[PDB]
């Protein structure tokens, strides 16, 4: 267990007998179809995104936009992975949204801030599309999109990416009218720090360990950097004062039993005291990293979707 995949495949050992609640087969389940297609958003780096459209409400009303940024540790993952693809299927139909699911450059080959610059390129791409009526060539038929209703949803690495975007808009550095991101949703945000928090020193999860988190950062931050680099720690000797930045509504969703929990709560509560910041913090108890997407059938996964939808509906 020295390489990432090896360490990931090393495995965790339950110290104790454990119980889980499983959902059984329902005979008359309900169906939606969802249309999906891939398009290159950044030709020099040959980066693709996938676009999703619920067929059902594409005839009903204009679709809000959810830019989903996948997880990993800035080191693995793809939109085309069934794990993430399936999550986006669920986002599209559950939220009734056009979903944008970009790939971004991964480390240790393309280290930070590649992902951050790629995430911007996605938004710029969206801007080009908005001001050129390219949504008609998005699919064989015609998509109606509300570019004034864009939301960024990030998992692990994507939650950091989301925060990176939230700062860049709030600082007034980037502006992409007619595109307006009305809200951010950081799910298990991948922040770091030289200092451990308590949760980080607490029990490993099924899959995430403190070793694995440090390995991600070692592979991802630029050479020489520490886990207090602003790109990892949003609040250390890090330039972002953020007390001046006007951030948009934000939702921090984390698992109760997860290593990142504490740093993600600190993040949330610091932003809440910086004022002018609608920042909710939601902790799902007994849940570890990725619960919403690892266990798509569970009460928690279903609840996460409803909360994000309510967050989005409140910003119209």
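Residue numbers count along the first chain shown, from 1.
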Problem - Average Cα temperature factor in the PDB entry - higher stretch of 231-239, 157-165 - result: 231-239
Handout entry: Residue range whose averaged C-alpha B-factor is higher in the record, 130-138 or 86-94
Key = 130-138
Exercise for the section: Between 178, 193, 77, 188, let me know which has the highest C-alpha B-factor in the entry? Expected result: 193
Practice task
Report the option among 103, 205, 148, 120 whose CA atom has the maximum B-factor in the deposited record.
Solution key: 205
Handout entry: Among modelled residues of the same chain, the CA temperature factor third for residue 66
Key = lowest
Problem - Within-chain third of residue 278 by Cα B-factor, per the entry - result: highest
Exercise for the section: Please rank the C-alpha B-factors of the chain's modelled residues and tell me whether residue 269 sits in the lowest, middle or highest third. Expected result: highest
Exercise for the section: Ordered by C-alpha B-factor within the chain, which third holds residue 28? Give me lowest, middle or highest, please. Expected result: highest
Practice task
Select lowest, middle or highest to describe the third in which the CA B-factor of residue 290 falls within its chain in this entry.
Solution key: lowest
